[PDB]
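> See data18.tsv below, with TSV, C-alpha atoms.
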```tsv
chain	number	residue	atom	x	y	z
A	1	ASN	CA	136.04	106.34	58.78
A	2	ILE	CA	137.81	105.18	55.62
A	3	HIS	CA	139.49	102.19	57.24
A	4	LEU	CA	136.20	100.29	57.41
A	5	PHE	CA	135.74	100.13	53.63
A	6	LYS	CA	139.30	99.03	52.81
A	7	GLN	CA	139.34	96.00	55.10
A	8	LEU	CA	138.59	93.20	52.62
A	9	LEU	CA	140.51	93.34	49.33
A	10	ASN	CA	142.61	96.51	49.43
A	11	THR	CA	145.83	94.54	49.80
A	12	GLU	CA	147.21	96.49	46.83
A	13	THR	CA	146.21	99.93	48.13
A	14	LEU	CA	149.29	101.90	49.13
A	15	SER	CA	147.99	105.02	50.89
A	16	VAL	CA	146.47	104.80	54.34
A	17	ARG	CA	143.88	107.49	53.55
A	18	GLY	CA	142.55	105.81	50.40
A	19	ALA	CA	140.44	102.84	49.40
A	20	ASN	CA	139.48	101.09	46.19
A	21	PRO	CA	135.88	101.85	45.15
A	22	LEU	CA	135.46	98.58	43.27
A	23	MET	CA	135.40	96.53	46.50
A	24	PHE	CA	132.88	98.80	48.21
A	25	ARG	CA	130.12	96.23	47.78
A	26	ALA	CA	132.20	93.41	49.22
A	27	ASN	CA	133.28	95.53	52.18
A	28	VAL	CA	129.68	96.56	52.82
A	29	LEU	CA	128.49	92.96	52.73
A	30	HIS	CA	131.19	91.94	55.20
A	31	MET	CA	130.22	94.84	57.45
A	32	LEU	CA	126.56	93.82	57.40
A	33	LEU	CA	127.41	90.20	58.13
A	34	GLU	CA	129.47	91.23	61.14
A	35	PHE	CA	126.68	93.58	62.23
A	36	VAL	CA	124.23	90.69	62.28
A	37	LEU	CA	126.65	88.29	63.96
A	38	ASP	CA	127.51	90.70	66.77
A	39	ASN	CA	123.84	90.99	67.75
A	40	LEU	CA	122.96	87.32	68.22
A	41	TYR	CA	122.05	87.52	71.90
A	42	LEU	CA	119.15	86.68	74.19
A	43	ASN	CA	117.75	89.49	76.30
A	44	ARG	CA	118.07	88.96	80.04
A	45	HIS	CA	115.59	89.85	82.79
A	46	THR	CA	117.39	91.78	85.54
A	47	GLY	CA	114.94	93.35	87.98
A	48	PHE	CA	112.89	96.43	88.67
A	49	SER	CA	112.00	98.96	91.36
A	50	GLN	CA	108.98	101.20	91.82
B	1	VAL	CA	95.87	88.28	108.59
B	2	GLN	CA	92.60	90.21	108.79
B	3	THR	CA	94.54	93.23	110.01
B	4	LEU	CA	97.03	92.74	107.19
B	5	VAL	CA	94.51	92.42	104.36
B	6	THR	CA	92.44	95.33	105.64
B	7	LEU	CA	95.35	97.78	105.71
B	8	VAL	CA	97.23	96.72	102.58
B	9	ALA	CA	94.02	96.99	100.57
B	10	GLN	CA	93.91	100.69	101.48
B	11	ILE	CA	97.11	101.45	99.52
B	12	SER	CA	96.65	99.11	96.53
B	13	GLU	CA	93.88	98.04	94.15
B	14	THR	CA	92.55	94.90	95.78
B	15	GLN	CA	89.00	93.68	95.24
B	16	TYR	CA	88.53	92.95	98.93
B	17	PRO	CA	85.55	95.15	99.85
B	18	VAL	CA	86.50	97.79	102.41
B	19	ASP	CA	84.98	101.15	103.08
B	20	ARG	CA	87.86	103.61	102.70
B	21	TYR	CA	88.37	106.58	105.00
B	22	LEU	CA	91.84	107.87	104.06
B	23	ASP	CA	91.60	108.56	100.34
B	24	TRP	CA	92.11	112.30	100.85
B	25	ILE	CA	95.62	111.48	102.12
B	26	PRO	CA	97.93	111.28	99.08
B	27	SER	CA	99.72	108.01	98.36
B	28	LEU	CA	101.28	106.20	95.43
B	29	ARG	CA	100.04	103.10	93.58
B	30	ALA	CA	101.70	100.52	95.81
B	31	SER	CA	103.55	97.71	94.06
B	32	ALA	CA	104.58	94.29	95.31
B	33	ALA	CA	107.85	95.42	96.90
B	34	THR	CA	106.31	98.48	98.56
B	35	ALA	CA	103.47	96.39	99.98
B	36	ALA	CA	106.06	93.87	101.16
B	37	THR	CA	107.95	96.50	103.15
B	38	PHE	CA	104.70	97.89	104.54
B	39	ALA	CA	103.62	94.43	105.68
B	40	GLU	CA	107.05	93.90	107.22
B	41	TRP	CA	106.57	96.98	109.36
B	42	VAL	CA	103.04	95.86	110.24
B	43	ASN	CA	104.17	92.37	111.27
B	44	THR	CA	106.89	93.53	113.65
B	45	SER	CA	104.45	95.94	115.29
B	46	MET	CA	102.12	93.10	116.25
B	47	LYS	CA	104.89	90.82	117.50
B	48	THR	CA	106.40	93.48	119.73
B	49	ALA	CA	102.94	94.37	121.02
B	50	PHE	CA	102.22	90.80	122.15
```
Rewrite the structure of this file - the entire thing - as structure tokens.


Amino acid sequence: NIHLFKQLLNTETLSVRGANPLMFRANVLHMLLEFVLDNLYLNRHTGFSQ
Amino acid sequence: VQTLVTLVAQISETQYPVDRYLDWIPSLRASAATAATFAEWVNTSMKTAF
């Protein structure tokens, strides 16, 4: 799952299996922001059955 | 309507006072849809009888 933590500022990283630890906080913040944004929905009432 | 309310009250919790004779027969806790289908079958029976 490394590719998630190298998405923000690892433009200098060469290897595909590596990531820079110093941007871990920035990557985590971006991940959390996207997590919140993806969940902005209103629940819908569909229907039931006994 | 009297025939309807009398019968439907014997498969649901309705506060319409009826002496009950068929409690020893198992049945579920009828919901709106189930009562609707039951009434549908009751209604057609009367129309075809008259």

> Can you tell me, as a PDB file with C-alpha atoms, in the frame of the given file, which residues sit within 8 Å of (104.5, 99.1, 88.4) in the file's frame, using only C-alpha atoms?


```pdb
ATOM      1  CA  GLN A  50     108.980 101.200  91.820  1.00  0.00           C
TER       2      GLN A  50
ATOM      3  CA  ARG B  29     100.040 103.100  93.580  1.00  0.00           C
ATOM      4  CA  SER B  31     103.550  97.710  94.060  1.00  0.00           C
TER       5      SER B  31
END
```

> Between A:49, A:7, A:27, A:1, single out the one closest to chain B, counting all atoms listed in the file.

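Among the listed residues, the smallest separation from chain B belongs to A:49.
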
> Using all atoms listed in the file, which chain B residues lie at most 12 Å away from chain A, written as an MDAnalysis selection string?

chainID B and resid 28:35

> Residues at most 9 Å from segment 15-23 of chain B, counting only C-alpha atoms, excluding those fewer than 3 positions away in the same chain, as a PDB file with C-alpha atoms, keeping the file's coordinate frame?


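Everything below was put into part27.pdb:
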```pdb
ATOM      1  CA  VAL B   5      94.510  92.420 104.360  1.00  0.00           C
ATOM      2  CA  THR B   6      92.440  95.330 105.640  1.00  0.00           C
ATOM      3  CA  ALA B   9      94.020  96.990 100.570  1.00  0.00           C
ATOM      4  CA  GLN B  10      93.910 100.690 101.480  1.00  0.00           C
ATOM      5  CA  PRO B  26      97.930 111.280  99.080  1.00  0.00           C
ATOM      6  CA  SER B  27      99.720 108.010  98.360  1.00  0.00           C
TER       7      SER B  27
END
```

> Quick check, in Å to one decimal: how far apart do atom CA of residue 28 of chain A and atom CA of residue 3 of chain A lie?

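Between atom CA of residue 28 of chain A and atom CA of residue 3 of chain A the gap is 12.1 Å.
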
> One decimal, Å: what's the distance from atom CA of residue 42 of chain A over to atom CA of residue 29 of chain A, could you say?

24.2 Å

> Using atom CA of residue 1 of chain B and atom CA of residue 13 of chain B as the two end points, give the distance in Å to one decimal.

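Taking atom CA of residue 1 of chain B as the start and atom CA of residue 13 of chain B as the end point, the length is 17.5 Å.
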
> At the level of N, CA and C atoms, write segment 7-42 of chain A to a file as a PDB file, in the first residue's frame, please.


```
ATOM      1  N   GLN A   7       2.030  10.181  -2.620  1.00  0.00           N
ATOM      2  CA  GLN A   7       1.203  10.800  -3.640  1.00  0.00           C
ATOM      3  C   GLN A   7       1.337  12.315  -3.689  1.00  0.00           C
ATOM      4  N   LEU A   8       1.912  12.944  -2.666  1.00  0.00           N
ATOM      5  CA  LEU A   8       1.830  14.395  -2.538  1.00  0.00           C
ATOM      6  C   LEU A   8       3.103  15.111  -2.972  1.00  0.00           C
ATOM      7  N   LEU A   9       4.242  14.781  -2.371  1.00  0.00           N
ATOM      8  CA  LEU A   9       5.459  15.542  -2.617  1.00  0.00           C
ATOM      9  C   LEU A   9       6.640  14.672  -3.014  1.00  0.00           C
ATOM     10  N   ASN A  10       6.422  13.391  -3.285  1.00  0.00           N
ATOM     11  CA  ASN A  10       7.527  12.526  -3.668  1.00  0.00           C
ATOM     12  C   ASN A  10       7.792  12.633  -5.160  1.00  0.00           C
ATOM     13  N   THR A  11       7.919  13.857  -5.666  1.00  0.00           N
ATOM     14  CA  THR A  11       8.272  14.045  -7.064  1.00  0.00           C
ATOM     15  C   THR A  11       9.746  13.788  -7.318  1.00  0.00           C
ATOM     16  N   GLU A  12      10.553  13.736  -6.264  1.00  0.00           N
ATOM     17  CA  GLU A  12      11.968  13.435  -6.387  1.00  0.00           C
ATOM     18  C   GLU A  12      12.271  11.960  -6.170  1.00  0.00           C
ATOM     19  N   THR A  13      11.363  11.227  -5.536  1.00  0.00           N
ATOM     20  CA  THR A  13      11.569   9.807  -5.290  1.00  0.00           C
ATOM     21  C   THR A  13      11.732   9.057  -6.601  1.00  0.00           C
ATOM     22  N   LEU A  14      12.758   8.211  -6.668  1.00  0.00           N
ATOM     23  CA  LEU A  14      13.039   7.475  -7.894  1.00  0.00           C
ATOM     24  C   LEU A  14      12.332   6.126  -7.905  1.00  0.00           C
ATOM     25  N   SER A  15      12.564   5.318  -6.875  1.00  0.00           N
ATOM     26  CA  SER A  15      12.015   3.973  -6.842  1.00  0.00           C
ATOM     27  C   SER A  15      10.496   4.002  -6.768  1.00  0.00           C
ATOM     28  N   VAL A  16       9.880   2.946  -7.290  1.00  0.00           N
ATOM     29  CA  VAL A  16       8.434   2.809  -7.203  1.00  0.00           C
ATOM     30  C   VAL A  16       8.006   2.150  -5.900  1.00  0.00           C
ATOM     31  N   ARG A  17       8.914   1.463  -5.217  1.00  0.00           N
ATOM     32  CA  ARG A  17       8.588   0.788  -3.970  1.00  0.00           C
ATOM     33  C   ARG A  17       8.869   1.634  -2.738  1.00  0.00           C
ATOM     34  N   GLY A  18       9.416   2.837  -2.901  1.00  0.00           N
ATOM     35  CA  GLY A  18       9.817   3.660  -1.785  1.00  0.00           C
ATOM     36  C   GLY A  18       8.984   4.925  -1.657  1.00  0.00           C
ATOM     37  N   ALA A  19       9.168   5.594  -0.523  1.00  0.00           N
ATOM     38  CA  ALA A  19       8.510   6.861  -0.256  1.00  0.00           C
ATOM     39  C   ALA A  19       9.344   7.637   0.749  1.00  0.00           C
ATOM     40  N   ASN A  20       9.180   8.954   0.737  1.00  0.00           N
ATOM     41  CA  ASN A  20       9.949   9.813   1.622  1.00  0.00           C
ATOM     42  C   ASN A  20       9.225   9.961   2.948  1.00  0.00           C
ATOM     43  N   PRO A  21       9.840   9.587   4.067  1.00  0.00           N
ATOM     44  CA  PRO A  21       9.140   9.683   5.353  1.00  0.00           C
ATOM     45  C   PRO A  21       8.779  11.100   5.750  1.00  0.00           C
ATOM     46  N   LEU A  22       9.517  12.102   5.278  1.00  0.00           N
ATOM     47  CA  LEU A  22       9.309  13.452   5.779  1.00  0.00           C
ATOM     48  C   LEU A  22       8.007  14.076   5.293  1.00  0.00           C
ATOM     49  N   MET A  23       7.376  13.525   4.258  1.00  0.00           N
ATOM     50  CA  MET A  23       6.066  13.997   3.833  1.00  0.00           C
ATOM     51  C   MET A  23       4.941  13.069   4.266  1.00  0.00           C
ATOM     52  N   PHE A  24       5.197  12.208   5.249  1.00  0.00           N
ATOM     53  CA  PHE A  24       4.152  11.324   5.743  1.00  0.00           C
ATOM     54  C   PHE A  24       2.987  12.120   6.305  1.00  0.00           C
ATOM     55  N   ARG A  25       3.276  13.176   7.063  1.00  0.00           N
ATOM     56  CA  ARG A  25       2.198  13.952   7.662  1.00  0.00           C
ATOM     57  C   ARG A  25       1.346  14.626   6.599  1.00  0.00           C
ATOM     58  N   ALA A  26       1.983  15.209   5.584  1.00  0.00           N
ATOM     59  CA  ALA A  26       1.219  15.855   4.525  1.00  0.00           C
ATOM     60  C   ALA A  26       0.366  14.846   3.772  1.00  0.00           C
ATOM     61  N   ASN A  27       0.936  13.682   3.462  1.00  0.00           N
ATOM     62  CA  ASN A  27       0.165  12.668   2.757  1.00  0.00           C
ATOM     63  C   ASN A  27      -1.013  12.201   3.598  1.00  0.00           C
ATOM     64  N   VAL A  28      -0.803  12.037   4.901  1.00  0.00           N
ATOM     65  CA  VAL A  28      -1.882  11.604   5.780  1.00  0.00           C
ATOM     66  C   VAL A  28      -2.983  12.650   5.836  1.00  0.00           C
ATOM     67  N   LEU A  29      -2.611  13.925   5.930  1.00  0.00           N
ATOM     68  CA  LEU A  29      -3.625  14.972   5.950  1.00  0.00           C
ATOM     69  C   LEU A  29      -4.430  14.981   4.660  1.00  0.00           C
ATOM     70  N   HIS A  30      -3.757  14.832   3.520  1.00  0.00           N
ATOM     71  CA  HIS A  30      -4.488  14.781   2.259  1.00  0.00           C
ATOM     72  C   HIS A  30      -5.426  13.585   2.221  1.00  0.00           C
ATOM     73  N   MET A  31      -4.960  12.439   2.716  1.00  0.00           N
ATOM     74  CA  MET A  31      -5.803  11.253   2.745  1.00  0.00           C
ATOM     75  C   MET A  31      -7.036  11.475   3.605  1.00  0.00           C
ATOM     76  N   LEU A  32      -6.866  12.091   4.772  1.00  0.00           N
ATOM     77  CA  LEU A  32      -8.010  12.344   5.641  1.00  0.00           C
ATOM     78  C   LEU A  32      -8.985  13.321   5.002  1.00  0.00           C
ATOM     79  N   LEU A  33      -8.465  14.358   4.349  1.00  0.00           N
ATOM     80  CA  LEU A  33      -9.346  15.312   3.690  1.00  0.00           C
ATOM     81  C   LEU A  33     -10.172  14.628   2.614  1.00  0.00           C
ATOM     82  N   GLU A  34      -9.537  13.792   1.796  1.00  0.00           N
ATOM     83  CA  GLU A  34     -10.295  13.061   0.792  1.00  0.00           C
ATOM     84  C   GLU A  34     -11.274  12.082   1.419  1.00  0.00           C
ATOM     85  N   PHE A  35     -10.904  11.461   2.538  1.00  0.00           N
ATOM     86  CA  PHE A  35     -11.825  10.577   3.240  1.00  0.00           C
ATOM     87  C   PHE A  35     -13.086  11.321   3.639  1.00  0.00           C
ATOM     88  N   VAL A  36     -12.934  12.513   4.206  1.00  0.00           N
ATOM     89  CA  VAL A  36     -14.102  13.290   4.593  1.00  0.00           C
ATOM     90  C   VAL A  36     -14.910  13.680   3.365  1.00  0.00           C
ATOM     91  N   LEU A  37     -14.236  14.181   2.331  1.00  0.00           N
ATOM     92  CA  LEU A  37     -14.953  14.688   1.166  1.00  0.00           C
ATOM     93  C   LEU A  37     -15.762  13.594   0.487  1.00  0.00           C
ATOM     94  N   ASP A  38     -15.220  12.381   0.421  1.00  0.00           N
ATOM     95  CA  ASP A  38     -15.916  11.313  -0.280  1.00  0.00           C
ATOM     96  C   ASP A  38     -17.186  10.875   0.433  1.00  0.00           C
ATOM     97  N   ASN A  39     -17.372  11.261   1.690  1.00  0.00           N
ATOM     98  CA  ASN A  39     -18.505  10.785   2.466  1.00  0.00           C
ATOM     99  C   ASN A  39     -19.602  11.820   2.637  1.00  0.00           C
ATOM    100  N   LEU A  40     -19.510  12.963   1.969  1.00  0.00           N
ATOM    101  CA  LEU A  40     -20.547  13.975   2.093  1.00  0.00           C
ATOM    102  C   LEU A  40     -21.779  13.581   1.293  1.00  0.00           C
ATOM    103  N   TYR A  41     -22.647  12.768   1.884  1.00  0.00           N
ATOM    104  CA  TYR A  41     -23.852  12.317   1.210  1.00  0.00           C
ATOM    105  C   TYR A  41     -25.014  12.325   2.187  1.00  0.00           C
ATOM    106  N   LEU A  42     -26.218  12.350   1.635  1.00  0.00           N
ATOM    107  CA  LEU A  42     -27.444  12.265   2.411  1.00  0.00           C
ATOM    108  C   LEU A  42     -28.031  10.875   2.250  1.00  0.00           C
TER     109      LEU A  42
END
```
